[PDB]
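The structure under discussion appears below in the form of C-alpha cells.
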Amino acid sequence: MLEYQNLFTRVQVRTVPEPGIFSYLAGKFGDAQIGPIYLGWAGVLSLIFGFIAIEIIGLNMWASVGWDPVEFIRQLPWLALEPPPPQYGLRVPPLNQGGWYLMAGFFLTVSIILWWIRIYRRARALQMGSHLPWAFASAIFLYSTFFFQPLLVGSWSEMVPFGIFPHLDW
Amino acid sequence: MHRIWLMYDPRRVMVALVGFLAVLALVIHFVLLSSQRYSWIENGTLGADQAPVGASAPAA
Amino acid sequence: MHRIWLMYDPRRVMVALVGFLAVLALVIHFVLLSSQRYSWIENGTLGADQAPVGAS
Amino acid sequence: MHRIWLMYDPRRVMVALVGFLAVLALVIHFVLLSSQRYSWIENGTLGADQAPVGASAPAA
Amino acid sequence: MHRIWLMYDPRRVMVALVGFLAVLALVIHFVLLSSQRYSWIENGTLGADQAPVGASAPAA
Amino acid sequence: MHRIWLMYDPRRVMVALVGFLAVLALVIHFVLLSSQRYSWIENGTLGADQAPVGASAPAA
Amino acid sequence: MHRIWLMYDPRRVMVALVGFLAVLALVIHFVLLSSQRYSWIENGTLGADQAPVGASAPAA
Amino acid sequence: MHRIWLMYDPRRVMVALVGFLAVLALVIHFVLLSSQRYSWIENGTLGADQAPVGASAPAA
Amino acid sequence: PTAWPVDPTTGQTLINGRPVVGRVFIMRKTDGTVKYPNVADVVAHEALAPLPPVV
Amino acid sequence: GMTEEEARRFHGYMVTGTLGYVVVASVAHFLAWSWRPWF
Amino acid sequence: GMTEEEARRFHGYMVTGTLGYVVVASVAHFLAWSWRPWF
Amino acid sequence: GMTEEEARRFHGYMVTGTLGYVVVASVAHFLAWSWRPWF
Amino acid sequence: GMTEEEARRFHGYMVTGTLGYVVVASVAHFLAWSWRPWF
Amino acid sequence: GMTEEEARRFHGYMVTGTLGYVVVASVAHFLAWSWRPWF
Amino acid sequence: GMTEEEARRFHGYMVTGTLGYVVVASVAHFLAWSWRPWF
Amino acid sequence: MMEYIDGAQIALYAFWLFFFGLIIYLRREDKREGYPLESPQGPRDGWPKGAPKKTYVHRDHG
Amino acid sequence: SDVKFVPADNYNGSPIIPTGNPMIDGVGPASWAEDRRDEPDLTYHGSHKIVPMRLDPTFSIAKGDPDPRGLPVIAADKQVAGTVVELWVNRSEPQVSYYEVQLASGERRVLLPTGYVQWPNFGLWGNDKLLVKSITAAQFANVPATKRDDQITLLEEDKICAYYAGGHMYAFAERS
Amino acid sequence: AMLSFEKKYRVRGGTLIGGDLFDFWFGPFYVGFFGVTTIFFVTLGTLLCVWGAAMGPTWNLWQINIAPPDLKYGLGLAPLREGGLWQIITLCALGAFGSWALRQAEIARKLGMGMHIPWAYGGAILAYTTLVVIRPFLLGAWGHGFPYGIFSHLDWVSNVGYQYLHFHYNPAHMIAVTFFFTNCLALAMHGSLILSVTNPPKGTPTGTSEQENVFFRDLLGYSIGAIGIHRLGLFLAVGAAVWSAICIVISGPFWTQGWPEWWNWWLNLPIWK
Ligand SMILES: CCCCCCCCCCCCCC(=O)OC[C@H](COP(=O)(O)OCC(O)COP(=O)(O)OC[C@@H](COC(=O)CCCCCCCCCCCCC)OC(=O)CCCCCCCCCCCCC)OC(=O)CCCCCCCCCCCCC
Ligand code: BCL
Ligand SMILES: CC[C@H]1c2cc3[nH]c4c(c3C)C(=O)[C@H](C(=O)OC)c4c3nc(cc4[nH]c(cc(n2)[C@@H]1C)c(C(C)=O)c4C)[C@@H](C)[C@@H]3CCC(=O)OC/C=C(\C)CCC[C@H](C)CCC[C@H](C)CCCC(C)C
Ligand SMILES: CC[C@H]1c2cc3[nH]c4c(c3C)C(=O)[C@H](C(=O)OC)c4c3nc(cc4[nH]c(cc(n2)[C@@H]1C)c(C(C)=O)c4C)[C@@H](C)[C@@H]3CCC(=O)OC/C=C(\C)CCC[C@H](C)CCC[C@H](C)CCCC(C)C
Ligand SMILES: COC(C)(C)C/C=C/C(C)=C/C=C/C(C=O)=C/C=C/C(C)=C/C=C/C=C(C)/C=C/C=C(\C)CC/C=C(C)/C=C/C=C(\C)C(=O)O
Ligand SMILES: COC(C)(C)C/C=C/C(C)=C/C=C/C(C=O)=C/C=C/C(C)=C/C=C/C=C(C)/C=C/C=C(\C)CC/C=C(C)/C=C/C=C(\C)C(=O)O
Ligand SMILES: COC(C)(C)C/C=C/C(C)=C/C=C/C(C=O)=C/C=C/C(C)=C/C=C/C=C(C)/C=C/C=C(\C)CC/C=C(C)/C=C/C=C(\C)C(=O)O
Ligand SMILES: COC(C)(C)C/C=C/C(C)=C/C=C/C(C=O)=C/C=C/C(C)=C/C=C/C=C(C)/C=C/C=C(\C)CC/C=C(C)/C=C/C=C(\C)C(=O)O
Ligand SMILES: COC(C)(C)C/C=C/C(C)=C/C=C/C(C=O)=C/C=C/C(C)=C/C=C/C=C(C)/C=C/C=C(\C)CC/C=C(C)/C=C/C=C(\C)C(=O)O
Ligand SMILES: COC(C)(C)C/C=C/C(C)=C/C=C/C(C)=C/C=C/C(C)=C/C=C\C=C(C)\C=C\C=C(C)\C=C\C=C(C)\C=C\CC(C)(C)OC
Ligand SMILES: CCCCCCCCCCCCO[C@@H]1O[C@H](CO)[C@@H](O[C@H]2O[C@H](CO)[C@@H](O)[C@H](O)[C@H]2O)[C@H](O)[C@H]1O
Ligand SMILES: CCCCCCCCCCCCO[C@@H]1O[C@H](CO)[C@@H](O[C@H]2O[C@H](CO)[C@@H](O)[C@H](O)[C@H]2O)[C@H](O)[C@H]1O
C-alpha cells in the first residue's frame with residue numbers, strides 16, 4: 001500500500017556486498033555468529049522435540065478420520081488429540097485414551113523450554129539485556145498453568161485438547 | 001443582505017447548506033416511513049379516516 | 001453591549017450559535033416526538049382533551 | 001472585585017461560566033424529567049392536588 | 001498567615017478551591033437525592049413527621 | 001523538629017497532607033454510610049437504643 | 001548503627017516508611033473489619049463475652 | 001563470610017532480604033489465617049483442646 | 001402494608017395520620033431492583049443443590 | 001476573495017433559490033395535508 | 001483587529017436578529033400552546 | 001493586557017448581567033413554585 | 001513574584017470570602033434543619 | 001530552600017493548625033459518641 | 001550526601017520517633033485488649 | 001475460618017500493591033527527560049520525583 | 001534583543017509569538033533540539049552511519065527503480081528549486097536518508113530529507129520529477145548547511161529536518 | 001508548568017476551528033475549541049452517569065448499571081427513567097470521543113506531526129459507534145446497545161455471545177482475536193528489544209540498531225526494520241478493533257443462526273461434498 005514517507009516508495013537500495021561491514025554479514029558481534037538463523041544446541045533440540053510433538057498431534061487427528069486424507073483436510077479444524085478420561089486422575093492413561101495426549105504435551109513443553117534457553121543464550125551472546133527472555137517467560141507462565149491447574153484439581157482430563165475448534169470448546 | 005457573503009465564502013456555505021438539508025430531509029422521511037400513521041409505501045392508498053391514529057387518553 | 005465583539009469574533013460566534021441552536025432544536029423535538037402526550041406524528045390530530053396525560 | 005479580571009483572562013472565564021451554566025441547566029432539567037413528580041412533558045397539566053408525591057412503604 | 005500566598009500562587013488556589021467545592025457540592029446533593037429520606041424532588045412536600053426513617057434494630 | 005521543613009519542602013508536604021486527609025475523610029464517611037448502624041442519612045434521627053447492632057455470639 | 005543513613009538517603013527512607021505503615025495499617029483494619037469477631041462498626045458495642053467466636057472442634 | 005558484601009552491593013542484598021522476609025512472613029500469616037486450626041482472628045480465644053484438628057485415619 | 005390509609009372525607013392519603021396533598025406513590029429504585037445481600041440469600045432463591053451423581 | 005458586487009449579484013440568486021425551494025416545499029406540504037393531515 | 005465601529009455596527013444586527021428569532025419562536029409557542037397546552 | 005480601568009468597565013457589565021440572569025431565574029422559580037411546590 | 005503587601009491584600013479578600021461563604025452555608029443548613037432534621 | 005528561621009516560623013503555624021484541626025476532630029468525635037456510641 | 005555527624009543526629013531523631021510510635025501502638029493494644037481480647 | 005476473606009481476595013490486593021508500586025516506578029522513568037518543569041515561582045518536580053537524567057556509554061572503535 | 005519569541009499576553013498558558021523569522025530562528029514546528037550533540041552518528045563498527053553514496057560503493061539503486069539523480073525538484077510554489085546531485089544513505093539500515101539538491105538559479109547545494117519528498121503518482125508511474133510540498137523554491141536557499149560534505153552530525157540532521165517541518169505552517173506566511 | 005524544552009513550541013496556529021480565541025493552554029493541557037467541547041460533553045455525560053447511579057439501587061462502583069431502553073421503544077427516546085438516560089449519555093459519549101480526536105488533530109498540526117494518532121484513535125471510535133449506533137440501528141432498536149456498568153456490560157457481552165450458541169465459531173471474531181494476541185506478542189518483542197539495547201548488562205556498551213536487527217532476524221527469520229515494527233504494531237492494534245467491529249456488526253443484522261452452522265459452506269465445497 002501507499003505510505004506517508006518516501007523512504008521505500010521507490011528508490012530502495014541494494015547493498016550488493018553485505019551490510020554490517022539486500023545482503024547479510026558472515027562474522028561476529030563479539031563471540032555471537034551473525035550469518036545463519038541462530039539455533040545452537042538448545043535450538044536444535046527444541047526443533048526435534050517440537051517436531052515429534054506436532055507429528056503426534058497430526059497423526060492422531062488423521063487416525064481419527066480413519067486415515068482419510070480428504071476428511072483430514074475437510075474436517076481439520078474439528079479434529080483433536082484429547083486429554084485422558086476423568087476417572088484416571090493423574091495416573092497414566094491408555095495410549096488411545098489420552099496416552100498420546102500426555103506424550104505430545106510433554107514433548108511440546110520441553111520444546112518450549114529449550115526455545116527459551118535458546119533466546120536467553122542469544123540475548124547474552126549479542127550483549128543485550130534479558131528483557132526478551134523474561135517477557136517470553138511470562139507467556140510460558142500462562143501456558144504452564146494449563147498443566148498446573150489440572151494437576152492441582154487432580155486430573156489430566158481437565159487439560160486443553162490439541163485442536164483448533166476443540167480448544168475453543170474447552 | 002448581500003454583504004453577509006463577505007463574512008463567509010459562499011462556496012463553503014452552499015456545501016454546508018446542501019449537506020444539512022440533505023441529511024434533514026432523509027431523517028424526516030425515515031421518521032415518517034417508520035411511523036404507523038405515515039408508513040406511506042405500504043399504506044399510502046388508505047383514506048385519511050382509515051389511516052392509523054395513536055391511542056387517546058383513558059376515560060377516567 | 002458592543003465591545004463583546006472585540007473579544008469574540010462575531011463571524012465565529014454566529015457559526016457556533018447556529019450549531020448550538022440546531023442541536024438544541026433537534027434534541028427538544030426528538031424528546032417530544034417520543035413522549036406519549038406529544039407524539040404528534042402518530043397522534044397530532046387528537047384534540048387537547050383526547051391527548052394523553054401521564055397520570056398513574 | 002474587578003481585579004479578578006487581572007488574575008484571569010475574561011475571554012476564557014466567560015467561556016467557562018457559560019459552559020458551566022449550560023451543563024448545570026441541562027443536568028437539572030434531565031434530573032427533573034426523570035422524576036415522577038416533575039416529568040412535566042407527560043404530566044405538566046396536572047394540578048398540584050393530582051401531582052405525584054413519593055413516600056416510603058407504610059411499614060406495618 | 002498571609003505568607004501562605006507567597007508559598008502558593010493564589011491564582012492556582014482559587015482554581016483548586018472552585019474545583020474542589022463544585023465536586024463536593026455535587027457529591028452531597030446526589031448522595032442525598034439517592035436516599036429515601038432526602039429524595040426531595042419526589043418527597044420534599046412531606047413534613048418531617050411524614051418523611052422516611054430507616055429501620056430500627058429488632059424491637060426486642 | 002522544625003528542621004523536617006529543611007529536609008522536605010513544606011509546599012509539597014502540605015499538598016500531600018491535604019490530599020491524604022481529603023481521601024481518608026471521604027473513605028471513612030463512605031465506610032460509615034455503607035454500614036447499617038451508621039447509615040445516618042436514612043437513620044440519623046434514631047436514638048442510640050433504636051440504632052442497628054450486629055449479631056452476638058449464639059448462646060449455648 | 002547510624003551509618004545506615006550514609007548507605008540510604010533518609011529522605012527517601014522516611015517516605016518509604018510512611019508508605020509502608022499507611023498500607024500495613026489499612027490492611028490490618030480492613031482485615032479486622034471483614035471478620036465476624038472484630039467488625040467494630042456494626043458490633044463494637046457488644047461486650048467481650050457477647051462478641052462472636054469461631055466454631056470449636058465439634059465434640060463427638 | 002564478609003566477602004559476600006564485596007561480591008554483591010549490600011544495598012541490593014538488604015532490599016532483597018527485606019523483600020524476601022516480608023513476602024515470606026505474609027505468606028505464612030495468611031496461610032495460617034486461612035486454615036481451620038489457626039484462624040486466630042475468629043477463634044484465637046479457644047483453648048488448645050477446643051481448637052480444630054484434621055481428620056484422623058480410619059479404623060484406628 | 002401495601003398502601004397508606006385514605007381519608008374517607010377527601011380520598012386523600014394519610015401518612016402518619018396527617019394528609020398529603022397530591023397522589024402518593026411508593027418510592028422505589030430503577031425498575032424495583034434491590035442489591036443482593038449475600039451468597040446465602042441468592043442461593044435461598046435457587047433450587048436446592050443437585051443430587052449426587054449416578055456412577 | 002469575492003468582491004461586494006459579486007456578492008450583490010450572488011445574493012439575488014441565493015434569495016431566489018431559497019424562495020423557490022420554500023415554494024415547492026409549501027406545495028408539497030399542502031398536498032400532504034390534503035392527503036393525510038397531522039393535526 | 002475589528003474596529004469598535006464595526007463592533008457597534010454588528011451589535012445592531014446581532015441584537016435585532018436575536019430578538020427577531022425570539023419573536024418567531026414566541027409565536028411558534030403560541031401556536032403549540034393553542035393546539036395542546038403543556039400546563 | 002487590559003488596564004484596571006477596562007477591568008472596572010467589564011466588571012460593571014458582569015455584575016449587571018449576573019443580576020439580570022438571577023432575576024429571570026427568580027421569576028422562573030416562582031412560576032414553578034406556584035404550579036407545583038417542591039416543599 | 002508576589003509582594004508581601006500583595007499577599008496581605010489578597011489574604012484580606014480570601015479570608016473574607018471564605019467566611020462569607022461559610023455564613024451563607026450556615027443559613028442553608030439552618031433552613032434544611034428547620035425543614036427536615038437529620039438527627 | 002528555607003532558611004532555618006523560615007523553617008522555625010513555619011513550624012509554629014503548622015503545629016497551631018494541627019492542634020486546631022485535632023481539636024475540631026475531638027469535638028466531632030464526642031458529638032458522634034454522645035449521639036451513637038461505637039463501643 | 002550526609003556527613004557522619006548528620007547521620008548521627010538523624011539517627012537520634014529516627015530512633016526516638018520509632019520508639020515513641022511503638023509506645024503509642026502499645027497503648028492502643030492495651031486498650032484494644034481490654035475491650036475485646038483476641039486470645 | 002474467615003468467612004469474608006478468601007485466597008482470591010488476598011491475591012488481588014497483593015497484585016494491587018505491586019501494580020501501584022509499578023506505576024510509581026514507571027512515572028519516575030517518564031521524568032528522566034524534560035524535568036524539572038519550568039514555571040513562574042520556579043522549578044517543579046511533580047510526583048513522584050523523577051529519576052536522574054541518564055548518560056549512555058558509547059562503544060569504542062580505536 | 002536576540003530572544004526568539006515573546007508571550008502573546010501576560011496570562012498563564014498564553015502562546016508565544018516569534019520575533020524574527022520562525023523558520024530561521026527555530027520556533028514552534030520549525031524548532032530543533034538545540035543542545036543535540038554536534039557529532040556524526042556511527043555504525044556498530046564505528047564508521048559514519050549517514051554518508052553520500054559515492055563514498056560507499058557497496059550501495060546501488062535496486063534494479064528497475066528510478067535513480068532520482070538529475071531529476072528536477074518542484075517546490076511548494078511549483079517553482080523548480082534545483083536538481084538531485086547525490087543520494088545519502090544510512091549504512092546501519094540500508095535506505096536513502098537524504099537527497100542532495102543542486103539549487104537552480106543559485107550556487108549552493110542543500111540536503112533534503114526523503115520524508116519530505118514525494119513522487120508524482122506516488123512512484124507507480126511517471127517518476128520524471130520530485131515534489132517538495134512543504135517549502136517554496138525561494139526558501140530552499142535558506143536550508144541549513146552541513147559543516148562538511150562527506151558527513152552530517154546529529155545536530156545538523158535535527159536542524160535540516162526541523163526546517164522542512166516548519167514549512168507546512170510558515171512557508172506561505174508573512175511572518176518572515 | 002512546562003517541560004524544560006517546551007516553551008519554544010507553544011505557538012499559535014494549527015487550529016481547525018475558532019482561530020486564536022481558544023488557542024491556549026491550561027496547565028499541561030492544550031485547550032482549543034474541541035477542548036472546550038470535550039469538557040462540555042465529559043462533564044454532562046459524567047454527571048448524568050452519577051444521576052443514573054443515584055436513582056439506581058446502589059452506589060457500589062462495580063454494581064452501578066445504566067441500562068438501555070426496552071426494544072419496544074425502537075429508535076425513539078425512551079422515558080429517562082426507562083433507558084432514555086442511557087441514550088443521552090450515549091450522545092454525550094459520541095460528542096466527547098469525536099471532540100477528543102479532532103482536538104488531537106489540532107495538537108498534531110501545531111507540532112508539525114502527521115495525522116496518524118487521530119486516525120488510529122478513529123479505530124476505537126468506530127468499534128464503539130458500531131456497538132451503540134450502527135448495530136442497534138440495523139436491528140431497529142437502541143435497546144440493543146450495551147449497558148453502562150463495569151460488570152453489567154460483561155453480562156451483556158456474555159448474553160450476546162450465547163445468542164449465537166458458540167460465539168468462538170464467528171469467523172471475523174477468530175481474526176480479531178488473532179490480531180489482539182499477535183499485537184500483544186509484537187508489543188512484548190519490540191519493547192524488550194529497545195530496552196535490551198539501551199539497558200545492557202552492567203559494564204557493557206550501549207547497543208545499536210544493528211544488534212536489535214540481528215536479534216529480531218533470529219526471532220522471526222526476517223528483518224522488519226525500525227519503521228516496519230511501528231507500522232506492524234499500528235496495523236495489528238487498529239486491525240484488531242476494525243475486525244472487532246466487523247465481527248459484532250455481522251452478528252444479528254446479517255447472521256442470525258448459531259455460528260457453528262455458518263461453517264457448513266466449508267463442509268459442502270464441491271471437491272468434497
Ligand atoms: C486497571 C489496569 C489498567 C490501569 C491503567 C492505569 C494507568 C495510569 C496512568 C496515569 C498515571 C499517571 C498520571 C500522571 O502522572 O499525571 C501527572 C500528575 C502530575 O505530575 P507531573 O505531571 O509529573 O507534574 C505536573 C504538576 O506537578 C504541575 O503541573 P501544572 O501546574 O501545569 O498543572 C496542575 C497539576 C495539578 O495536578 C492534577 O491536577 C492531577 C491530580 C490528579 C492526578 C490523578 C492521576 C491518576 C492516578 C491513577 C492511580 C490510581 C489512583 C487511585 O498537574 C496537572 O494538571 C496534571 C494533570 C494530569 C492528569 C492525569 C489524569 C490521569 C487519570 C488516570 C485515570 C486512570 C483510570 C484507570 O501526576 C500526579 O498527580 C501523581 C500521579 C502519580 C501516579 C499515580 C500513582 C498512584 C500510586 C498509589 C497511591 C500513591 C499515594 C501517594
Ligand atoms: C531528653 C529527655 C529524655 C528523657 C528523660 C527522662 C527523665 C529525666 C526522666 C524520664 C522518665 C520517664 N520517661 Mg523519659 N526521656 C526521653 C524519652 C522517653 C520516651 C521516648 C518515646 O523516647 C519514653 C516512652 C519515655 C518514658 C519515660 C517513663 C518511663 C518515665 C516517666 C513518665 C514519662 O516521662 O513519660 C513520657 C514523657 C515523655 C516522653 C517526655 C520526655 C520526658 C519528660 C520531660 C520527663 C518528665 C518527668 C520527670 C520525672 C521530671 C524530672 C524531675 C523530677 C522532679 C525528678 N521517655 C527523652 C529522650 N525520662 C522519668 C523516670 O525515670 O521516671 C521513673 C525521669 O525522671
Ligand atoms: C507477553 C505475552 C505474549 C507472548 C509473548 C512472547 N511469545 C514469544 C516470545 C514472546 C516475548 C518470544 O520471544 C518467542 C518467540 O520465539 O517469538 C518469535 C515466543 C513465541 N510465542 C509463540 C506462540 C504464541 N504466543 C502466543 C501468545 C503470547 N506470546 C502472548 C500474547 C500464542 C497464542 C496467543 O496462542 C502463541 C501460539 C511462538 C511463535 C514462539 C515460541 C516458539 C517455540 O517455542 O517453538 C518451539 C518449537 C516447536 C513447536 C517446533 C517446530 C517444529 C518445526 C515446524 C519442524 C520443522 C522440521 C525440523 C527442522 C526438524 C528437526 C531437524 C533438526 C536437525 C533441526
Ligand atoms: C485502535 C484500537 C485500540 C485503541 C486505540 C487508541 N485508544 C486511544 C487512542 C488510540 C490510538 C488515543 O489516542 C486515545 C488517547 O488519548 O489515549 C490516551 C485513546 C483512548 N482510549 C481510551 C480507552 C479505551 N480504549 C480501548 C480500546 C482501544 N483503544 C483499541 C483496542 C478501550 C477498551 C477496549 O475497553 C478503552 C477503555 C481512553 C484512555 C482514550 C480516549 C480518551 C477520551 O476520549 O477522552 C474523552 C472522554 C472522556 C475523558 C470521558 C467521557 C465520559 C462519557 C461522556 C460518559 C461515559 C460514557 C461511557 C460509554 C460509559 C461506559 C462505562 C463502561 C463501564 C462500559
Ligand atoms: C423528526 O422531526 C425533526 C427532524 C426532529 C424536526 C425538525 C427539526 C429541526 C431542527 C428542523 C430545522 C429546520 C431548518 C433550520 O434551519 C431548516 C432550514 C432550511 C433552510 C435555511 C433552507 C434553505 C434553502 C436554500 C436553497 C435551497 C438555496 C438555493 C440557492 C440556489 C439554487 C442558487 C445557488 C447559486 C447559483 C446558482 C449561482 C449564483 C451566482 C454566482 C455564484 C455568480 O454570479 O458568480
Ligand atoms: C427537555 O429538554 C431539555 C433540553 C432538557 C430542556 C432544557 C433546555 C434548555 C436549558 C435550553 C436552553 C436554551 C438557551 C439558553 O440560553 C437558548 C438560547 C438561545 C439564544 C441565545 C438564541 C439566539 C439566537 C440569535 C440569532 C438567531 C441571531 C441572528 C442574527 C442575525 C441573523 C444577524 C447576522 C448578522 C448580520 C446579517 C450582519 C453581518 C454584517 C454585515 C452584513 C455588514 O457588516 O455589512
Ligand atoms: C440535581 O441537582 C443537583 C444539580 C445535584 C443540585 C446541585 C446544584 C448545584 C451545586 C448548583 C450550583 C450552582 C451555582 C453555584 O455557584 C451557580 C452559580 C451561577 C452563577 C455564578 C451565574 C452567573 C451568571 C452570570 C451571567 C449570566 C453573566 C452575564 C454577563 C453579561 C451578559 C455581560 C457580558 C459582557 C458584555 C455584554 C460587555 C463586556 C464589556 C467589555 C468587554 C468592555 O467594555 O471591554
Ligand atoms: C456524603 O458525605 C460525604 C461527602 C462523604 C461527607 C464528607 C465530607 C467532607 C470530607 C467534606 C470536606 C469539606 C471541606 C474540607 O476542607 C470543606 C472546606 C471548604 C472551604 C475551606 C471553602 C472555602 C471557600 C472559600 C471561598 C468561596 C472563597 C472566596 C473568595 C473570594 C470571593 C475572593 C476572591 C478574590 C478577589 C475578589 C480579589 C483578589 C484581589 C487581588 C488578587 C488583588 O487585589 O491583587
Ligand atoms: C480501614 O480502616 C479505616 C476504616 C479506614 C480506619 C483506619 C484509618 C486509619 C489507619 C487512619 C489513619 C490516620 C492518620 C495516621 O497518621 C491520620 C493523621 C492525620 C494528621 C497528621 C493530620 C494533620 C493535620 C494537620 C493540619 C490540618 C495542619 C494545618 C496547618 C495550617 C492550616 C497552617 C498552614 C501554614 C500557615 C498558615 C503558615 C504560612 C507561613 C509561611 C509559608 C511562612 O512563614 O513562610
Ligand atoms: C505426516 O505428517 C503430518 C501430516 C501428520 C503432519 C501434520 C500435522 C498437523 C496437520 C498438525 C496439526 C496441529 C494442530 C492444528 C494443532 C492445534 C493445536 C492447538 C490449537 C492447541 C491449543 C492448546 C493446547 C494446550 C494449551 C496444551 C497444553 C498442554 C500441556 C501444558 C501439557 C503438558 C504436559 C506435561 C508438562 C507433561 C506430561 C507428562 C507427564 C504427565 C507424564 O509428566 C511427566
Ligand atoms: C433570525 C430570523 C428572524 C428575523 C430576524 C430579523 C427580524 C427583524 C429585522 C428588522 C430589520 C431592521 O432592523 C435594523 O436593520 C438595520 C439595517 O437595516 C440595522 O442597522 C445596522 O446596520 C446599519 C447599516 O449597516 C448601520 O447603519 C446601523 O448602525 C446598524 O445598526 C439595525 O441594527 C436593525 O435594527
Ligand atoms: C523526637 C521525634 C518526635 C516524636 C517522638 C516523641 C517522643 C520523644 C519525646 C521528646 C523527647 C526528647 O526527645 C529528644 O529530642 C532531642 C532534641 O530535642 C533529640 O536529639 C537529637 O538531636 C539533637 C540536636 O537537636 C542531638 O544533640 C541529639 O544527639 C539527637 O539525638 C533526641 O534524639 C530525642 O530523644
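How things are named: the first chain in the C-alpha cells is A, the next is B, and so on; residues count from 1 in each chain; ligands count from 1 in the order shown.
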Exercise for the section: Compile the residues of chain I that lie within 6 Å of chain R, evaluated using only C-alpha atoms, and express the compilation as an NGL selection string. Expected result: :I and (29-30 or 33-34)
Practice task
Please identify every residue of chain B that has at least one atom no more than 12 Å from any atom of chain K, counting only C-alpha atoms, and report them as a list in words.
Solution key: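 Close to chain K, chain B has residues 1, 3, 4 and 7 of chain B.
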Taking C-alpha atoms for each residue, export the selection above as a JSON list (two decimals), in the first residue's frame.
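Output saved as again-v1.json:
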```
[["chain", "number", "residue", "atom", "x", "y", "z"],
["B", 1, "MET", "CA", -28.38, 41.46, 2.98],
["B", 3, "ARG", "CA", -22.69, 41.79, 2.47],
["B", 4, "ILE", "CA", -23.16, 38.60, 4.55],
["B", 7, "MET", "CA", -18.19, 37.24, 6.00]]
```
Practice task
Grab the Cα RMSD for chain B fitted onto chain G, all atoms paired in sequence order, one decimal please.
Solution key: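 In short, the RMSD is 0.6 Å.
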Problem - Test item: residues lying within 8 Å of ligand 1 with only C-alpha atoms and all ligand atoms, as a list in words - result: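 Final answer, ordered by chain and number: residues 16 and 20 of chain F; 19 of chain G; 20, 21, 23, 24, 27, 31, 37, 39, 44, 45, 46, 47, 48, 49 and 50 of chain P; 1, 2, 26, 27, 28 and 29 of chain R.
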Okay, now the selection with N, CA, C and O atoms, as a compact mmCIF listing (two decimals), in the first residue's frame?
```
# COMPACT_ATOMS: atom_id res chain seq x y z
N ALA F 16 0.53 17.22 49.84
CA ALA F 16 0.40 15.79 50.11
C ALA F 16 -0.48 15.51 51.31
O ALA F 16 -1.32 14.60 51.29
N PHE F 20 -3.95 13.45 51.29
CA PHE F 20 -4.16 12.32 52.20
C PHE F 20 -5.40 12.50 53.07
O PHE F 20 -6.26 11.61 53.13
N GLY G 19 4.83 5.29 53.75
CA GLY G 19 4.02 4.49 52.84
C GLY G 19 3.77 3.09 53.35
O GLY G 19 2.64 2.59 53.31
N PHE P 20 0.44 -0.63 41.89
CA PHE P 20 0.67 0.78 42.19
C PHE P 20 2.15 1.08 42.43
O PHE P 20 2.61 2.18 42.10
N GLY P 21 2.90 0.13 42.98
CA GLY P 21 4.35 0.26 43.01
C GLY P 21 4.97 0.34 41.62
O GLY P 21 5.90 1.11 41.40
N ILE P 23 3.42 1.50 38.88
CA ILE P 23 3.06 2.79 38.28
C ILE P 23 3.96 3.90 38.82
O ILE P 23 4.37 4.79 38.06
N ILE P 24 4.26 3.88 40.11
CA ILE P 24 5.24 4.81 40.67
C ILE P 24 6.59 4.69 39.96
O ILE P 24 7.18 5.68 39.54
N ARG P 27 6.36 6.11 36.34
CA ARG P 27 6.35 7.58 36.33
C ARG P 27 7.70 8.19 36.70
O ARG P 27 8.04 9.26 36.20
N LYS P 31 10.19 10.66 33.79
CA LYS P 31 10.66 12.00 34.11
C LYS P 31 12.17 12.20 33.92
O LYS P 31 12.69 13.25 34.28
N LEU P 37 10.31 20.68 35.72
CA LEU P 37 9.48 21.57 34.93
C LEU P 37 9.80 23.03 35.22
O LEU P 37 10.26 23.39 36.31
N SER P 39 8.27 26.90 35.55
CA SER P 39 7.07 27.71 35.74
C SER P 39 7.49 29.06 36.31
O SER P 39 8.64 29.24 36.71
N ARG P 44 9.55 22.82 39.23
CA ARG P 44 8.56 21.90 39.76
C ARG P 44 8.92 20.47 39.38
O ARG P 44 9.26 20.17 38.24
N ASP P 45 8.82 19.55 40.34
CA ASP P 45 9.20 18.16 40.13
C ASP P 45 8.04 17.22 39.82
O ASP P 45 8.28 16.10 39.36
N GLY P 46 6.80 17.63 40.07
CA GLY P 46 5.69 16.70 40.02
C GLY P 46 5.79 15.66 41.13
O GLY P 46 6.58 15.77 42.07
N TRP P 47 4.96 14.62 41.00
CA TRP P 47 5.08 13.47 41.87
C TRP P 47 4.84 12.20 41.06
O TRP P 47 4.00 12.19 40.16
N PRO P 48 5.57 11.10 41.36
CA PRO P 48 6.82 11.04 42.13
C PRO P 48 7.92 11.91 41.53
O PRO P 48 7.80 12.31 40.37
N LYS P 49 8.96 12.21 42.29
CA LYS P 49 10.14 12.83 41.71
C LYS P 49 10.80 11.91 40.70
O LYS P 49 10.89 10.69 40.89
N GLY P 50 11.27 12.51 39.60
CA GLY P 50 11.90 11.74 38.55
C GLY P 50 13.26 11.20 38.94
O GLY P 50 13.98 11.77 39.76
N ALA R 1 2.83 24.50 34.39
CA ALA R 1 4.24 24.14 34.34
C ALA R 1 4.59 23.53 32.98
O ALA R 1 3.73 22.99 32.30
N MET R 2 5.86 23.64 32.60
CA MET R 2 6.31 23.28 31.26
C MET R 2 7.56 22.42 31.33
O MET R 2 8.40 22.61 32.21
N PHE R 26 -4.06 25.18 29.48
CA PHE R 26 -4.50 25.16 30.87
C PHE R 26 -3.65 24.12 31.60
O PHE R 26 -3.92 22.92 31.51
N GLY R 27 -2.63 24.57 32.32
CA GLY R 27 -1.61 23.70 32.83
C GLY R 27 -0.89 22.97 31.72
O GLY R 27 -0.42 23.58 30.76
N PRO R 28 -0.80 21.64 31.82
CA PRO R 28 -0.22 20.88 30.71
C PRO R 28 -1.12 20.80 29.50
O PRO R 28 -0.62 20.67 28.38
N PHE R 29 -2.44 20.89 29.68
CA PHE R 29 -3.38 20.58 28.61
C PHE R 29 -3.44 21.70 27.59
O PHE R 29 -3.51 22.88 27.95
```
Pick out the residues sitting within 9 Å of residue 57 of chain P, and hand them over as a JSON list (two decimals) with N, CA and C atoms, in the first residue's frame; count only C-alpha atoms, and ignore anything fewer than 5 positions along from it in its own chain.
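Once everything was written out, this is out-v2.json:
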```json
[["chain", "number", "residue", "atom", "x", "y", "z"],
["R", 204, "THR", "N", 28.77, -2.98, 29.95],
["R", 204, "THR", "CA", 28.66, -3.31, 28.54],
["R", 204, "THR", "C", 28.26, -2.07, 27.77],
["R", 205, "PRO", "N", 28.86, -1.81, 26.61],
["R", 205, "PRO", "CA", 28.50, -0.62, 25.83],
["R", 205, "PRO", "C", 27.04, -0.65, 25.40],
["R", 206, "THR", "N", 26.46, 0.55, 25.29],
["R", 206, "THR", "CA", 25.11, 0.69, 24.76],
["R", 206, "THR", "C", 25.01, 0.09, 23.36]]
```
